[PDB]
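# Analysis of the macromolecular model
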Amino acid sequence: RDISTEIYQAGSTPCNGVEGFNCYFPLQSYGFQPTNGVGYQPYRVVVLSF
Amino acid sequence: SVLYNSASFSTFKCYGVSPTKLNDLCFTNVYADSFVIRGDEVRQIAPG
């Protein structure tokens with residue numbers, strides 16, 4: 001399980017502050033509008049392990 | 001690599017291929033179409 005959201009440096013230029021080039025934060029939100037048809041509706045997943 | 005590292009652009013996100021790295025995969029007969037536009041239609045460079 002990963003929970004972190006610290007700034008992800010992509011390029012070789014060091015990034016230590018906020019939104020900038022070649023450094024972004026990972027999380028990006030799902031888009032769930034009523035207009036979207038099949039393939040974009042909430043699917044509920046349950047996994048059982050023994 | 002020079003295009004990736006050099007920070008002088010405004011859009012370098014490829015709609016066709018993964019932006020990880022392309023110096024590894026091999027293709028043939030590279031295509032490239034260029035033009036000049038006014039600054040107001042910068043939103044047209046997208047699939048569709």
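Residues numbered from 1 in each chain as written, not as in the entry; some residues may be left out. Chains lettered and ligands numbered in written order. Part of a larger assembly, values for the part shown. Heavy atoms only, no water.

Method of determination, as given in the entry header: cryo-EM; reported resolution: 3.1 Å.

This part takes up the overall build of chain A. If you tally the helices and strands in chain A, you get 0 helices and 2 strands. When the 50 residues of chain A are sorted by exposure, 6% land in the buried category. Of the roughly 5,300 Å² of accessible surface on chain A, 59% is carried by carbon and sulfur atoms. (Helix = DSSP H or I, 4+ residues; strand = E, 2+ residues; numbered from the N terminus. Buried < 20%, exposed > 50% of the residue type's maximum accessible area, 1.4 Å probe, protein only. Areas by Shrake-Rupley, 256 points an atom, 1.4 Å probe, with all protein chains shown as cover.)

Right, let's get into the UniProt feature "disulfide bond" in chain A. With an S-S distance of 2.0 Å, the disulfide that UniProt assigns to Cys15(A) and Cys23(A) is formed in this structure. A residue is classified by how much of its surface remains accessible, and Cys23(A), at 1% relative accessible area, is buried. (Disulfide = S-S within 2.5 Å. UniProt positions renumbered as here; feature names shortened; annotations may be inferred.)

Residue and element names in this part refer to chain B. A cluster of nonpolar side chains, namely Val2, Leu3, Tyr4, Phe9 and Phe12, defines an oily patch on the protein surface of about 450 Å² accessible area. Inspection of the secondary structure assignment puts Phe9 in the segment after α1 (2-5). Looking at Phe9, the relative accessible area reads 40%, which means it is partly exposed. (Patch = residues over 30% accessible without salt bridge, like charges linked within 9 Å, V, L, I, M, F, W, Y side chains within 5 Å. Salt bridge = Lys/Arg side-chain N within 4 Å of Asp/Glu carboxyl O.)

Considering the arrangement of structural elements, one finds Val45(A) in the segment after β2 (23-24). It is 23 Å that separates the C-alpha atoms of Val45(A) and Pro26(A), two residues lying 19 residues apart in sequence.

Okay, the packing of aromatic side chains next. What the rule picks out here adds up to 3 aromatic pairs over all chains. Considering the side-chain rings of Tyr30(A) and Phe32(A), the 5.8 Å spacing of their centres and the 5 degrees angle between planes classify their relative orientation as stacked. Residue classification places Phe32(A) among the partly exposed residues on the basis of a relative accessible area of 44%. What links up through ring pairs into an aromatic cluster is the set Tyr4(B), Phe9(B) and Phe12(B). (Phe/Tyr/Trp six-rings, centres within 6.5 Å; stacked < 30°, edge-to-face > 60°.)

As a further point, take the state of the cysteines. Tallying each qualifying case throughout the model produces 1 disulfide over all chains. Here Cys15(A) engages in a disulfide with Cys23(A); their sulfurs sit 2.0 Å apart. Disulfide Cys15(A) to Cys23(A): torsion about the S-S bond roughly 40 degrees, handedness right-handed. Residue classification places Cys15(A) among the buried positions, given a relative accessible area of 15%. As a non-bridged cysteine, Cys14(B) has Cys26(B) as the owner of its nearest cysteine sulfur, 17 Å distant. When its relative accessible area of 27% is taken as the criterion, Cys14(B) is described as partly exposed.

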